[PDB]
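Report on one structure; see the data block that follows.
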Ligand SMILES: Nc1ncnc2c1ncn2[C@@H]1O[C@H](COP(=O)(O)NP(=O)(O)O)[C@@H](O)[C@H]1O
Ligand SMILES: [Mg+2]
Ligand SMILES: [Mg+2]
């Protein structure tokens, strides 16, 4: 038995060594992270999962490569609607057309809290439902014990919001997040660093961090970086830049490979505390343009084009960005392409694409009344700030809009109205302060050889549409003339109303597609793309390559998260190990214990 | 025109980029580091060079791999002699044999400072001479601007010093180091963390850090370590242990392997927990034990005393020494030995030169460590030293006139085992070893053992193997084979001393050849016997070393050794590796902490 009992001695000795190992090693645990996207059109939850690691005498940290989106939630009320509804009730209806004493609105702070509460309860219910459905029991125990950091950030929707209203709303939003329902057991918590409005530049920087993280271009490890003989860490692969065109604004972000004019303000990632010191350094141009988003540029373009006598004659506005055979009521109201081929224009003021701009452009807004600069920017886009809201949004002496399907005239107008206007488009003090009045100035003062990624649903639909009809090659790499010739052909299509409804009939029997509420004005976006590509092509430095991407595939061939600012905002916080440990784990949800 | 000016534009753009580069990059600078070895036989300087790097917003640090010894200086007086000389003058002569009121010695602190000053001025002169001779003008500018950290550490020589004397001396030594001659421009400086006595365990730990650093076994980068799936950093190669036999003590150091079973009485050191290495370095549990009286000089004195007080060896005034060659004869004393050109051995009569002085000085009834502790008195009496007798009779080998060599290796091993390796009671001044759970060398491998490879170091330890290799008695690839070593040494140690015209010679028994008889090899057979005994004890351990190597030096990246084996590199590393603390003490406070 001295070989049998000997194996028993080694079992007992192993039991002690295993136990000793368990008390010396690092332990992994699952954490949930929540990003609330408070956008122009809606407020939506984004539920993420990440792997945390705790080591004896080293604390706890997140493995940044483990960050994965589990679900993007339902589209609830935007913050603009919350504030505008509260103003309708407490400042009275048509406060957009009258002087409002903002001081008097302070007596209605509890009522603003009640409005904000309604939205917060829906978002909490949505977040909890996603968590309950995706996690198993063991995962829920970990997720519930660690605490759930919440980052609610607002973008272009309330970026141009007047007076003190928005910032008071943020104080209320944080209080609501810090008091979740005790019933579900999920410990949601926030602070003024996680929950706040983000600037257009930050928004762009965060989307740049997301892109480079997911594509594996950004990293501090030997796989993604290299330390030279002088101790400087360089990224192994070029960091790529990003163009993101959303609903309300467009972000242009690129790392510099440089010597800049004194007027241009570039961001150093380390110096500006976006990335920790251990990460490769980069000087990045990040500029955001209000009125360049899909919805906001649609409203502005109609208003400016249909007020020019070259386009407006005897009640008819001739729109070169719209198809031949397409007709709509002369308004910036939301368009619904109906099954019968008709274009239904929504007359509800809240649904009009000019509402945000016409609301900003008011003589009762201190930004207009005290600043001639801002008034002239408004008047340059045919908005008279002295007139009531209804006439500010109205396209005067215009009954009907008719499409002419003339792509070059469309490009020409997109260039003069949106890309290279005489004055900066309104609510762009931030872009102007960084040295850029308009899109045309971006590539004139700063250019880079850094590759570029073009993002945004509409930007992608523009290329994918031309690819589907075999008008563009599947390997399209940004060729301007190739894009202009493809779009010139597609945009000269006739709109035919058939039994099966409105159809885009391509010239040269090249086929067809259905006309709908998302693609009826896609030609304006193709014109924006062409104009943008020409401006990038004119820069002293030209991108090494240009790519259009819907998503970035993870290590298993499947994307781990979406493109956008959400992953970036998480990384911006979690990468600063010490600060994150103190705020997420030391203080944590227990900071709220009352 | 446009092609040529575009290039001219590119020269201007380059001029700016070169300067942007300079103000963004890390910059390298040379620093000198000084380790003063305050050992048992002497106090000697060790001048090192290291590359420092300063990075914007990261401060300054030393590249540990750049540490190189430029020179080990002259052997000046040991701290023991400084203190005993001071006692001779202020407590009076023969204070070793009389009661001394230690309280009264406080009035002589300035005089202790004056004695210490004499030694410090010699060491400073030696250090400055080494620096002036090795550095060029650009190197001197860097070395002079950065400041020169000094680490004076005392070992076995003053480890057992009585009363408060030694610690008062350290306060004076630091003050002297912090006030260098302004003339030479080298800005030497120290503090109580760098300049202090070091325990035998620390001494062993530092020699272990040196060995593993130089051999590239110890490291924190992907080349020398690996991080597992659970975030634990392991060394890529096995960390090796060390046996170091110096002049006064011997250190035994080894890392403990996975699932090691330790009795509660055995105290192993965790490198990170005990702050020897920073957290970023692989963790290890290390047995480090030091034995006083196991050094070359101290064991020579003790061995003679014990062997020649034994009736099996002492008869008719002749002590028969089996550790000494046939035909070798000396005066019966532990006094320093000189092999003269005529073949005669002259034993030095000077009490300060007698190898028993440190032990006989410790073993006194007027030392509170003996008078209050029967334990210590019994340890002394077990080595034939009566602490009640004057110094002269404590050092004397009674009724013994002549020591004659018998060249009997097995009798030599037998005696080294009973006297030195496995004595009845622990050898005196070993409370530190005893406190860590080890009374003697024989207990080290009984209580703890490891599969960790072992390196055998020390001047005598290497001479023992190299001598047998030279006479082709041992193979060049000797890996520690006990019977092979005993067989080789038995043959070599049975050699006869022949007195020739060109001086005395060691004649090998079977025309195997010969070598010159000198003051360094006359008693080498005791060290061979110590080696054999040590190897048998390691071979008896539950876990045996993967391999045993005898090394004089460790080769650097260019085939040439960067530094010596020993505690010196280790003590530097122990401080420089803690980046933040080193930056604060060496650079933020620096030599300017001393500014008037
Ligand atoms: N298939 C499609 N074709 C063209 N445009 C499309 C599309 N799907 C969405 N879009 C456009 O993206 C925008 C969606 O807005 P978001 O990306 O949510 N930006 P924000 O609300 O956070 O500010 C809409 O304005 C819509 O016009
Ligand atoms: Mg958005
Ligand atoms: Mg020594």
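Annotations
- There is at least one residue in the range B:498-506 that is away from chain A (no Cβ under 14 Å), more than 16 Å from ligand 2 (Cβ to nearest atom) and touching a helix residue (DSSP H, G or I) at 6+ places or on another chain (Cβ under 9 Å).
- Across the range A:40-51, the qualifying residues are those that are buried (at least 22 other Cβ atoms within 10 Å of the Cβ) and more than 13 Å from residue A:570 (Cβ to Cβ), and the one among them that is farthest from ligand 1 (Cβ to nearest atom) is A:45.
- Which listed residue, of A:83, A:135, is in contact with a helix residue (DSSP H, G or I) (Cβ under 8 Å, 6 or more places away or on another chain) and over 28 Å from residue A:199 (Cβ atoms): A:135
- Within the range B:257-299, restricting attention to residues that are within 14 Å of chain A (Cβ to nearest Cβ) and in a strand (DSSP E or B), the residue that is nearest to residue B:578 (Cα to Cα) is B:270.
- When the range A:196-239 is limited to residues that are away from ligand 2 (no atom under 16 Å from the Cβ) and surrounded by 24 or more Cβ atoms within 10 Å (Cβ to Cβ), the one that is nearest to residue A:437 (Cα to Cα) turns out to be A:212.
- Qualifying position, being crowded, with 19+ Cβ neighbours inside 10 Å, away from ligand 3 (no atom under 16 Å from the Cβ) and away from chain B (no Cβ under 14 Å), among A:181, A:154, A:133: A:154
- Residue list for the range B:200-238, restricted to those being more than 25 Å from residue B:584 (Cβ to Cβ) and touching a helix residue (DSSP H, G or I) at 6+ places or on another chain (Cβ under 6 Å): B:200, B:203, B:207
- Verdict on residue A:112 being over 29 Å from residue A:250 (Cα atoms) and either assigned by CATH to the domain that holds residue A:32 or within 16 Å of ligand 1 (Cβ to nearest atom) (or both): yes
- Within the set A:336, A:304, A:310, A:347, the sole residue that is out of contact with any strand residue (DSSP E or B) (no Cβ under 9 Å at 6 or more places or on another chain) and in the same structural domain as residue A:460 (by CATH) turns out to be A:304.
- Qualifying strands (runs of 3 or more DSSP E) (wholly inside the range B:1-105; at least 3 residues being more than 30 Å from residue B:394 (Cα to Cα) and within 14 Å of another protein chain (Cβ to nearest Cβ)): B:27-38, B:43-55, B:59-62
- Any hit, the range B:539-560, residues being within 14 Å of another protein chain (Cβ to nearest Cβ), more than 29 Å from residue B:43 (Cβ to Cβ) and away from ligand 2 (no atom under 16 Å from the Cβ): yes
- Considered as a group, the residues in the range A:165-183 that are out of contact with any helix residue (DSSP H, G or I) (no Cβ under 7 Å at 6 or more places or on another chain) and outside any helix (DSSP H, G or I) include one that is nearest to residue A:246 (Cα to Cα), and that residue is A:179.
- Filter result (within 16 Å of ligand 3 (Cβ to nearest atom) and outside any loop (DSSP other than H, G, I, E, B)) within the range B:230-256: B:242, B:243, B:244, B:245, B:249, B:250, B:251, B:252, B:253
All of this is worked out from the model, or read from it or from the source named; no laboratory read-out is quoted. As a convention, Cβ positions derive from the backbone with ideal geometry for all residues, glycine included, and neighbour counts pool all protein chains shown.
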